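Coordinates as given in target-v1.pdb (PDB, C-alpha atoms and all ligand atoms):
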ATOM      1  CA  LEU P   7      -5.734  17.538  -2.819  1.00  0.00           C
ATOM      2  CA  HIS P   8      -9.535  17.211  -2.511  1.00  0.00           C
ATOM      3  CA  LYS P   9     -11.736  14.409  -1.200  1.00  0.00           C
ATOM      4  CA  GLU P  10     -14.667  13.520  -3.462  1.00  0.00           C
ATOM      5  CA  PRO P  11     -17.741  11.343  -2.741  1.00  0.00           C
ATOM      6  CA  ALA P  12     -18.045   7.767  -3.869  1.00  0.00           C
ATOM      7  CA  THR P  13     -20.181   4.783  -2.843  1.00  0.00           C
ATOM      8  CA  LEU P  14     -19.019   1.245  -2.295  1.00  0.00           C
ATOM      9  CA  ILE P  15     -20.258  -1.117  -5.013  1.00  0.00           C
ATOM     10  CA  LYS P  16     -18.111  -4.077  -3.976  1.00  0.00           C
ATOM     11  CA  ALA P  17     -14.938  -4.710  -2.000  1.00  0.00           C
ATOM     12  CA  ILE P  18     -12.502  -6.603  -4.287  1.00  0.00           C
ATOM     13  CA  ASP P  19      -9.085  -7.130  -2.698  1.00  0.00           C
ATOM     14  CA  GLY P  20      -6.349  -5.409  -0.719  1.00  0.00           C
ATOM     15  CA  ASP P  21      -5.420  -3.215  -3.678  1.00  0.00           C
ATOM     16  CA  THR P  22      -8.825  -2.515  -5.262  1.00  0.00           C
ATOM     17  CA  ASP P  23     -12.508  -1.827  -4.731  1.00  0.00           C
ATOM     18  CA  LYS P  24     -15.433  -1.254  -7.106  1.00  0.00           C
ATOM     19  CA  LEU P  25     -16.816   2.195  -6.300  1.00  0.00           C
ATOM     20  CA  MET P  26     -19.498   4.405  -7.818  1.00  0.00           C
ATOM     21  CA  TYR P  27     -17.817   7.704  -8.690  1.00  0.00           C
ATOM     22  CA  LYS P  28     -19.781  10.546 -10.292  1.00  0.00           C
ATOM     23  CA  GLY P  29     -22.593   8.012 -10.722  1.00  0.00           C
ATOM     24  CA  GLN P  30     -20.448   5.550 -12.750  1.00  0.00           C
ATOM     25  CA  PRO P  31     -19.032   2.148 -11.588  1.00  0.00           C
ATOM     26  CA  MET P  32     -15.214   2.086 -11.569  1.00  0.00           C
ATOM     27  CA  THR P  33     -12.474  -0.126 -10.187  1.00  0.00           C
ATOM     28  CA  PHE P  34     -10.171   1.963  -7.996  1.00  0.00           C
ATOM     29  CA  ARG P  35      -6.548   0.957  -7.408  1.00  0.00           C
ATOM     30  CA  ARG P  36      -5.076   2.374  -4.209  1.00  0.00           C
ATOM     31  CA  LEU P  37      -2.159   4.732  -4.816  1.00  0.00           C
ATOM     32  CA  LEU P  38       1.298   4.000  -3.389  1.00  0.00           C
ATOM     33  CA  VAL P  39       0.654   0.508  -2.019  1.00  0.00           C
ATOM     34  CA  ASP P  40       1.164  -3.154  -2.859  1.00  0.00           C
ATOM     35  CA  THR P  41      -0.663  -5.853  -0.834  1.00  0.00           C
ATOM     36  CA  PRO P  42       0.354  -9.537  -1.153  1.00  0.00           C
ATOM     37  CA  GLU P  43      -1.595 -11.716  -3.587  1.00  0.00           C
ATOM     38  CA  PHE P  50      -4.336 -14.018  -2.247  1.00  0.00           C
ATOM     39  CA  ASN P  51      -1.975 -17.029  -2.621  1.00  0.00           C
ATOM     40  CA  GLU P  52       0.801 -15.102  -0.847  1.00  0.00           C
ATOM     41  CA  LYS P  53       1.377 -14.733   2.902  1.00  0.00           C
ATOM     42  CA  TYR P  54      -0.911 -12.038   4.397  1.00  0.00           C
ATOM     43  CA  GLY P  55      -2.774 -11.749   1.028  1.00  0.00           C
ATOM     44  CA  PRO P  56      -6.101 -12.981   2.511  1.00  0.00           C
ATOM     45  CA  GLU P  57      -5.612 -10.856   5.628  1.00  0.00           C
ATOM     46  CA  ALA P  58      -5.024  -7.742   3.485  1.00  0.00           C
ATOM     47  CA  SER P  59      -8.265  -8.245   1.546  1.00  0.00           C
ATOM     48  CA  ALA P  60     -10.104  -8.935   4.813  1.00  0.00           C
ATOM     49  CA  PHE P  61      -8.779  -5.752   6.364  1.00  0.00           C
ATOM     50  CA  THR P  62      -9.825  -3.476   3.490  1.00  0.00           C
ATOM     51  CA  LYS P  63     -13.150  -5.293   3.063  1.00  0.00           C
ATOM     52  CA  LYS P  64     -14.092  -4.485   6.669  1.00  0.00           C
ATOM     53  CA  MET P  65     -12.935  -0.857   6.460  1.00  0.00           C
ATOM     54  CA  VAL P  66     -14.866  -0.097   3.246  1.00  0.00           C
ATOM     55  CA  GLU P  67     -17.961  -2.169   4.090  1.00  0.00           C
ATOM     56  CA  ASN P  68     -18.298  -0.694   7.608  1.00  0.00           C
ATOM     57  CA  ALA P  69     -17.749   2.903   6.451  1.00  0.00           C
ATOM     58  CA  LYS P  70     -20.669   5.298   6.456  1.00  0.00           C
ATOM     59  CA  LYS P  71     -18.800   7.554   4.026  1.00  0.00           C
ATOM     60  CA  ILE P  72     -16.347   6.549   1.322  1.00  0.00           C
ATOM     61  CA  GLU P  73     -14.271   9.263  -0.359  1.00  0.00           C
ATOM     62  CA  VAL P  74     -11.768   9.194  -3.176  1.00  0.00           C
ATOM     63  CA  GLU P  75      -8.849  11.602  -3.479  1.00  0.00           C
ATOM     64  CA  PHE P  76      -7.004  11.890  -6.768  1.00  0.00           C
ATOM     65  CA  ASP P  77      -3.396  13.044  -6.761  1.00  0.00           C
ATOM     66  CA  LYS P  78      -1.928  15.617  -9.198  1.00  0.00           C
ATOM     67  CA  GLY P  79      -1.012  13.104 -11.941  1.00  0.00           C
ATOM     68  CA  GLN P  80      -2.681  10.261 -13.822  1.00  0.00           C
ATOM     69  CA  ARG P  81      -6.200   9.513 -12.521  1.00  0.00           C
ATOM     70  CA  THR P  82      -6.604   6.262 -14.458  1.00  0.00           C
ATOM     71  CA  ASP P  83      -4.074   3.522 -15.151  1.00  0.00           C
ATOM     72  CA  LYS P  84      -3.556   1.559 -18.348  1.00  0.00           C
ATOM     73  CA  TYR P  85      -6.230  -0.937 -17.186  1.00  0.00           C
ATOM     74  CA  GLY P  86      -8.885   1.801 -16.788  1.00  0.00           C
ATOM     75  CA  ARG P  87      -8.646   1.624 -12.989  1.00  0.00           C
ATOM     76  CA  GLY P  88      -8.993   4.860 -11.030  1.00  0.00           C
ATOM     77  CA  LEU P  89      -5.862   5.802  -9.077  1.00  0.00           C
ATOM     78  CA  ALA P  90      -6.683   7.400  -5.767  1.00  0.00           C
ATOM     79  CA  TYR P  91      -6.364   7.628  -2.048  1.00  0.00           C
ATOM     80  CA  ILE P  92      -9.400   5.931  -0.553  1.00  0.00           C
ATOM     81  CA  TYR P  93     -10.920   7.099   2.738  1.00  0.00           C
ATOM     82  CA  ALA P  94     -13.394   5.304   4.984  1.00  0.00           C
ATOM     83  CA  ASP P  95     -15.017   7.652   7.481  1.00  0.00           C
ATOM     84  CA  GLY P  96     -12.065   9.983   6.892  1.00  0.00           C
ATOM     85  CA  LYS P  97      -9.444   7.253   7.579  1.00  0.00           C
ATOM     86  CA  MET P  98      -7.175   6.547   4.595  1.00  0.00           C
ATOM     87  CA  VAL P  99      -7.293   2.842   3.688  1.00  0.00           C
ATOM     88  CA  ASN P 100      -3.966   3.136   1.844  1.00  0.00           C
ATOM     89  CA  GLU P 101      -2.212   4.394   4.993  1.00  0.00           C
ATOM     90  CA  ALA P 102      -4.018   1.980   7.291  1.00  0.00           C
ATOM     91  CA  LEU P 103      -2.830  -1.019   5.258  1.00  0.00           C
ATOM     92  CA  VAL P 104       0.782   0.097   5.374  1.00  0.00           C
ATOM     93  CA  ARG P 105       0.603   0.991   9.072  1.00  0.00           C
ATOM     94  CA  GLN P 106      -0.631  -2.521   9.879  1.00  0.00           C
ATOM     95  CA  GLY P 107       2.117  -4.189   7.799  1.00  0.00           C
ATOM     96  CA  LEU P 108      -0.414  -5.566   5.284  1.00  0.00           C
ATOM     97  CA  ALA P 109       1.020  -3.558   2.335  1.00  0.00           C
ATOM     98  CA  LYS P 110       4.367  -2.143   1.279  1.00  0.00           C
ATOM     99  CA  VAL P 111       4.819   1.330  -0.123  1.00  0.00           C
ATOM    100  CA  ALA P 112       5.167   0.801  -3.879  1.00  0.00           C
ATOM    101  CA  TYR P 113       4.495   2.216  -7.348  1.00  0.00           C
ATOM    102  CA  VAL P 114       5.688   5.673  -6.390  1.00  0.00           C
ATOM    103  CA  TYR P 115       5.571   7.706  -9.599  1.00  0.00           C
ATOM    104  CA  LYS P 116       6.459  11.444  -9.681  1.00  0.00           C
ATOM    105  CA  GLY P 117       3.325  13.570  -9.779  1.00  0.00           C
ATOM    106  CA  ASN P 118       1.230  10.938  -7.982  1.00  0.00           C
ATOM    107  CA  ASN P 119       3.178  10.852  -4.713  1.00  0.00           C
ATOM    108  CA  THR P 120       1.654  13.557  -2.493  1.00  0.00           C
ATOM    109  CA  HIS P 121       1.216  11.121   0.412  1.00  0.00           C
ATOM    110  CA  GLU P 122       4.491   9.169  -0.075  1.00  0.00           C
ATOM    111  CA  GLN P 123       6.197  10.423   3.099  1.00  0.00           C
ATOM    112  CA  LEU P 124       3.090   9.813   5.240  1.00  0.00           C
ATOM    113  CA  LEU P 125       2.941   6.206   4.017  1.00  0.00           C
ATOM    114  CA  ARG P 126       6.697   5.679   4.407  1.00  0.00           C
ATOM    115  CA  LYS P 127       6.401   6.811   8.029  1.00  0.00           C
ATOM    116  CA  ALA P 128       3.622   4.275   8.542  1.00  0.00           C
ATOM    117  CA  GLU P 129       5.744   1.536   6.962  1.00  0.00           C
ATOM    118  CA  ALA P 130       8.692   2.409   9.214  1.00  0.00           C
ATOM    119  CA  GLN P 131       6.410   2.005  12.255  1.00  0.00           C
ATOM    120  CA  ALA P 132       4.924  -1.288  11.043  1.00  0.00           C
ATOM    121  CA  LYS P 133       8.431  -2.581  10.371  1.00  0.00           C
ATOM    122  CA  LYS P 134       9.669  -1.483  13.810  1.00  0.00           C
ATOM    123  CA  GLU P 135       6.661  -3.227  15.408  1.00  0.00           C
ATOM    124  CA  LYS P 136       7.351  -6.326  13.254  1.00  0.00           C
ATOM    125  CA  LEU P 137       3.706  -6.395  12.093  1.00  0.00           C
ATOM    126  CA  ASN P 138       2.468  -9.003   9.658  1.00  0.00           C
ATOM    127  CA  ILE P 139       4.634  -8.907   6.517  1.00  0.00           C
ATOM    128  CA  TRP P 140       7.479  -7.562   8.678  1.00  0.00           C
ATOM    129  CA  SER P 141       7.117 -10.329  11.310  1.00  0.00           C
TER     130      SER P 141
HETATM  131  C1  LIG P 201      -0.553   1.465  -8.287  1.00  0.00           C
HETATM  132  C2  LIG P 201      -0.346   1.698  -9.763  1.00  0.00           C
HETATM  133  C3  LIG P 201      -0.265   0.697 -10.653  1.00  0.00           C
HETATM  134  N1  LIG P 201      -0.090   0.889 -11.999  1.00  0.00           N
HETATM  135  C4  LIG P 201       0.110  -0.259 -12.895  1.00  0.00           C
HETATM  136  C5  LIG P 201       1.562  -0.704 -12.868  1.00  0.00           C
HETATM  137  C6  LIG P 201       1.481  -2.210 -13.040  1.00  0.00           C
HETATM  138  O1  LIG P 201       1.573  -2.557 -14.417  1.00  0.00           O
HETATM  139  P1  LIG P 201       1.750  -4.148 -14.726  1.00  0.00           P
HETATM  140  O2  LIG P 201       0.356  -4.782 -14.702  1.00  0.00           O
HETATM  141  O3  LIG P 201       2.292  -4.068 -16.133  1.00  0.00           O
HETATM  142  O4  LIG P 201       2.657  -4.809 -13.723  1.00  0.00           O
HETATM  143  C7  LIG P 201       0.154  -2.548 -12.355  1.00  0.00           C
HETATM  144  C8  LIG P 201       0.297  -2.978 -10.914  1.00  0.00           C
HETATM  145  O5  LIG P 201      -1.014  -3.093 -10.307  1.00  0.00           O
HETATM  146  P2  LIG P 201      -1.377  -4.355  -9.437  1.00  0.00           P
HETATM  147  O6  LIG P 201      -0.366  -4.352  -8.277  1.00  0.00           O
HETATM  148  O7  LIG P 201      -2.816  -4.149  -9.019  1.00  0.00           O
HETATM  149  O8  LIG P 201      -1.204  -5.518 -10.372  1.00  0.00           O
HETATM  150  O9  LIG P 201      -0.642  -1.351 -12.401  1.00  0.00           O
HETATM  151  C9  LIG P 201       0.101   2.156 -12.519  1.00  0.00           C
HETATM  152  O10 LIG P 201       0.292   2.374 -13.718  1.00  0.00           O
HETATM  153  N2  LIG P 201      -0.016   3.173 -11.606  1.00  0.00           N
HETATM  154  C10 LIG P 201      -0.167   3.048 -10.236  1.00  0.00           C
HETATM  155  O11 LIG P 201      -0.216   4.073  -9.536  1.00  0.00           O
HETATM  156 CA    CA P 202      -0.919  -6.677  -5.182  1.00  0.00          CA
END

As structure tokens:
Amino acid sequence: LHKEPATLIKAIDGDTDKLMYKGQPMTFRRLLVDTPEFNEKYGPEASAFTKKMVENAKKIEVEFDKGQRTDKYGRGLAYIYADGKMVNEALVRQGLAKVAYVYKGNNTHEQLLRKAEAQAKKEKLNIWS
């Protein structure tokens, strides 16, 4: 897979951010994760976590997988990196997202994330507390 440049337009929520990619504004949905809704336990904390990561980053990158690059809502599907740290993975590792929406072809980093979730669960972090 390849990291590509993007700039933060606006942090949205635990699952999504508005990013400028190839000079066009786009909502990006993070591959392989599901964060709680704002009304759900740890929903606000998940959005807060990603907001800080993306806002504080000097460099945002997007990494498409081998399959669909846009979902049925027109959202980009990618791994999102903030100063080379993957936000997707970071969420799961902190117990603020579950691994989810694993479709064949778009699952390059599935095992990495599952390992993170196992650790979060063992440490009883957040949604696993
Ligand atoms: C994460 C992801 C979601 N989606 C679709 C499935 C879901 O359809 P439905 O809206 O019909 O439930 C929705 C979940 O995204 P959200 O968790 O952001 O709602 O986005 C994909 O098609 N591919 C993906 O990789
Ligand atoms: Ca969600």

Inset, instruction - Go through P:83, P:43, P:19, P:77 one by one, measure the shortest atom-to-atom distance of each to ligand LIG 201 (chain P) using only C-alpha atoms and all ligand atoms, and give the residue with the smallest value. - result: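 Closest candidate: P:83.
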
Given 8 Å and all atoms listed in the file, residues near ligand LIG 201 (chain P) as a compact mmCIF listing (two decimals) with C-alpha atoms, keeping the file's coordinate frame:
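What landed in pocket.txt:
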# COMPACT_ATOMS: atom_id res chain seq x y z
CA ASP P 21 -5.42 -3.22 -3.68
CA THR P 22 -8.82 -2.52 -5.26
CA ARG P 35 -6.55 0.96 -7.41
CA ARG P 36 -5.08 2.37 -4.21
CA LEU P 37 -2.16 4.73 -4.82
CA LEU P 38 1.30 4.00 -3.39
CA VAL P 39 0.65 0.51 -2.02
CA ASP P 40 1.16 -3.15 -2.86
CA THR P 41 -0.66 -5.85 -0.83
CA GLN P 80 -2.68 10.26 -13.82
CA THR P 82 -6.60 6.26 -14.46
CA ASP P 83 -4.07 3.52 -15.15
CA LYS P 84 -3.56 1.56 -18.35
CA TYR P 85 -6.23 -0.94 -17.19
CA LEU P 89 -5.86 5.80 -9.08
CA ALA P 112 5.17 0.80 -3.88
CA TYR P 113 4.50 2.22 -7.35
CA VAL P 114 5.69 5.67 -6.39
CA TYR P 115 5.57 7.71 -9.60
CA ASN P 118 1.23 10.94 -7.98

Contacts of residue 107 (chain P) within 12 Å, only C-alpha atoms, excl. fewer than 3 positions in-chain, as an mmCIF file with C-alpha atoms, in the coordinates of the input:
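Result file follows (out_20.cif):
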data_model
loop_
_atom_site.group_PDB
_atom_site.id
_atom_site.type_symbol
_atom_site.label_atom_id
_atom_site.label_comp_id
_atom_site.auth_asym_id
_atom_site.auth_seq_id
_atom_site.Cartn_x
_atom_site.Cartn_y
_atom_site.Cartn_z
ATOM 1 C CA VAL P 39 0.654 0.508 -2.019
ATOM 2 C CA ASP P 40 1.164 -3.154 -2.859
ATOM 3 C CA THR P 41 -0.663 -5.853 -0.834
ATOM 4 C CA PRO P 42 0.354 -9.537 -1.153
ATOM 5 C CA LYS P 53 1.377 -14.733 2.902
ATOM 6 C CA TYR P 54 -0.911 -12.038 4.397
ATOM 7 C CA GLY P 55 -2.774 -11.749 1.028
ATOM 8 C CA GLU P 57 -5.612 -10.856 5.628
ATOM 9 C CA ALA P 58 -5.024 -7.742 3.485
ATOM 10 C CA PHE P 61 -8.779 -5.752 6.364
ATOM 11 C CA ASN P 100 -3.966 3.136 1.844
ATOM 12 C CA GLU P 101 -2.212 4.394 4.993
ATOM 13 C CA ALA P 102 -4.018 1.980 7.291
ATOM 14 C CA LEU P 103 -2.830 -1.019 5.258
ATOM 15 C CA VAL P 104 0.782 0.097 5.374
ATOM 16 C CA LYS P 110 4.367 -2.143 1.279
ATOM 17 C CA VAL P 111 4.819 1.330 -0.123
ATOM 18 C CA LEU P 125 2.941 6.206 4.017
ATOM 19 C CA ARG P 126 6.697 5.679 4.407
ATOM 20 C CA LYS P 127 6.401 6.811 8.029
ATOM 21 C CA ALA P 128 3.622 4.275 8.542
ATOM 22 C CA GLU P 129 5.744 1.536 6.962
ATOM 23 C CA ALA P 130 8.692 2.409 9.214
ATOM 24 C CA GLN P 131 6.410 2.005 12.255
ATOM 25 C CA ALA P 132 4.924 -1.288 11.043
ATOM 26 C CA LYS P 133 8.431 -2.581 10.371
ATOM 27 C CA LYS P 134 9.669 -1.483 13.810
ATOM 28 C CA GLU P 135 6.661 -3.227 15.408
ATOM 29 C CA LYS P 136 7.351 -6.326 13.254
ATOM 30 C CA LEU P 137 3.706 -6.395 12.093
ATOM 31 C CA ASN P 138 2.468 -9.003 9.658
ATOM 32 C CA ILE P 139 4.634 -8.907 6.517
ATOM 33 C CA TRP P 140 7.479 -7.562 8.678
ATOM 34 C CA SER P 141 7.117 -10.329 11.310
#

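When CA of residue 78 (chain P) is paired with CA of residue 26 (chain P), their separation reads 20.9 Å.
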
Inset, instruction - Evaluate the PyMOL selection byres (((chain P and resi 94-98) around 10) and not hetatm) here and jot the selected residues down as a list in words. - result: residues 9, 36, 62, 64, 65, 66, 67, 68, 69, 70, 71, 72, 73, 74, 75, 91, 92, 93, 99, 100, 101, 102 and 103 of chain P

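With all atoms listed in the file as the atoms that count, the minimum distance from residue 7 (chain P) to the choices P:106, P:123, P:76, P:117 is reached by P:76.
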
Legend entry - Nearest-residue call for ligand CA 202 (chain P), choices P:59, P:25, P:120, P:31, using all atoms listed in the file: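 Among the listed residues, the smallest separation from ligand CA 202 (chain P) belongs to P:59.
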
Legend entry - Surrounding residues of residue 23 (chain P) excluding itself and chain neighbours under 5 positions, 8 Å, all atoms listed in the file, as a ChimeraX atom specification: /P:14-18,33-35

Legend entry - Residue nearest ligand CA 202 (chain P) - candidates P:88, P:79, P:28, P:20, atoms counted: all atoms listed in the file: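 With all atoms listed in the file as the atom set, the closest residue is P:20.
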